[PDB]
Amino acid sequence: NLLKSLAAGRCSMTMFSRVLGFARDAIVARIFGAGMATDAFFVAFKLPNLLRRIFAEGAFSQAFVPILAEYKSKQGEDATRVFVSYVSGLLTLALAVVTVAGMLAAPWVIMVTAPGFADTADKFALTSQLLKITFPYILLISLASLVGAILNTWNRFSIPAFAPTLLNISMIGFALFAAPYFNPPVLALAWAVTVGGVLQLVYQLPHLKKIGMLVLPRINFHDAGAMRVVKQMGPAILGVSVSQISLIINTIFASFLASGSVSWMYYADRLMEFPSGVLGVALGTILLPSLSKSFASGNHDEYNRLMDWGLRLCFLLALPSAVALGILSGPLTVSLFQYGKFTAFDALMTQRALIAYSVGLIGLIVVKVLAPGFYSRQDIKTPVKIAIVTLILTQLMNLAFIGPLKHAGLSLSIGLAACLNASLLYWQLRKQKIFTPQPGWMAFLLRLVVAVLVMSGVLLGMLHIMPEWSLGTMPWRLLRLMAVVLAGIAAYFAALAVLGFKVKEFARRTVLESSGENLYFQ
């Protein structure tokens, strides 16, 4: 069963990792708030935060491991050290020159990414400085992602799954203990990121030495295998990470809005990163390997059947989560962030961006299902072309929404674009005659919609009997939040079982048995 790969140890490590990342953002919100200095940091954190997410969500492993597994097995450990050396060298060289260039041209990078910060000479100079300190992370996090994939190919798993923790450990310790000794104190966060990057790599190196895969990076532009790996890294991200690239571009527009517009968008996107990340990783861990296996063997039925099951798991979990985040946007922002320098105005500005983001949770998760359907057949070009159309239309919605809705309209542009990205991938899988659904989708969706209203009704009613969400310290707020969340989860799954949906049966679908057997026992 393909579902035995989710509860394979790291299930308690997804928990520890998500909790500790929450703990970082809560601590950052307390000590630094959502203003000038966090604005500057969150701009300089944009590209690092994008790469961290790839390594924490195991995305590069999902891509590199099949390449390295194929070419360890057919043609050798001795040749695989060489391949890794050539892959490692290209990554290092390419990213070393980018990092150095970006550090010496840091003010000009901010002129492109946050031009509205040029009205504020002191805010601009700080952003440039923070970006200079955090560039080396881009190299550091990329080598760590490669190292983690080598370990994962050799079936270690636990050491690379833990390394993402180290960044949040670094930033928490710096924010709590080192920040007073810096001026301005946000400089501690920047150094914490680069130190976190050093730790995320150095943590994994000794275990690589044990498997004989610690090789000194070298350059050889004639290795076509090394060139395709690095060259198709970007296009592969772009086809599955348009929302995250749109945050970076929206920063241009947000640089002209009120103080904290960048921060309010950051905190709202982290809150949504929880259902996005957890569900996206789980769906990816199950889909891409098995779908690639079926495509390799011509198993058209099991390709099509796992496709349909995953897209039903998608709507089953994303739709209630999306509505729940919207309904609970206020309670979530007050209970998790409204402490210290993060005020109730900050909480409302974060809530409004979250409600906008909420519209696109379902699209983000459908993309995590539909893009693999192309990637399994070695078609990057179709998701990439869709990605480019989506980026262009996101920026057009910015021009339409920034007026009335400010930073929330820039958030909504990302939300509606994920729904667009997903529907363009479905239309392409149907026109190209690759996926055709199983029967009963309309009945399946209608029971979900009814169960979601039931959940919403219980959610809204629970919010009415509860006090103001700022009442009490953090334990009391969180305890009340868990009472409202448990009531929603219970109502949602209670309504599905009344309407006749078997969650337990859904997890024992026959396609899951044979897909797991066909993939694990290759």
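Numbering starts at 1 and runs along the sequence shown.
(message) Tell me which stretch has the larger mean Cα B-factor in this entry, 316-324 or 77-85.
(response) Of 77-85 and 316-324, the stretch with the higher C-alpha B-factor average is 77-85.
(request) Output the stretch having the higher mean C-alpha B factor in the entry; the candidates are 480-488 and 38-46. (result) Per the deposited B-factors, the answer is 480-488.
(message) According to the Cα B-factor stored in this entry, which of the following is highest: 114, 332, 442, 242?
(response) That would be 442, according to the entry.
(request) Please pick out which of 474, 51, 27, 454 has the largest Cα B-factor as recorded in the entry. (result) If I rank 474, 51, 27, 454 by C-alpha B-factor, first place goes to 454.
(message) How does the C-alpha B factor of residue 191 compare with the rest of the chain: lowest, middle or highest third?
(response) Ranked within chain, residue 191 CA B lands in the middle tercile.
(message) When the deposited Cα B-factors of this chain's modelled residues are ordered and cut into thirds, is residue 136 in the lowest, the middle or the highest one?
(response) Middle third of the chain for residue 136's C-alpha B-factor.
(message) How does the C-alpha B factor of residue 152 compare with the rest of the chain: lowest, middle or highest third?
(response) Answer is highest: the recorded C-alpha B-factor places it there.
(message) By the recorded C-alpha temperature factor, relative to the other modelled residues in its chain, which third is residue 58 in?
(response) It belongs to the highest third of the chain when residues are ordered by C-alpha B-factor.
(message) Which third, lowest, middle or highest, does the C-alpha temperature factor of residue 162 belong to within its own chain?
(response) Bottom third by C-alpha B-factor.
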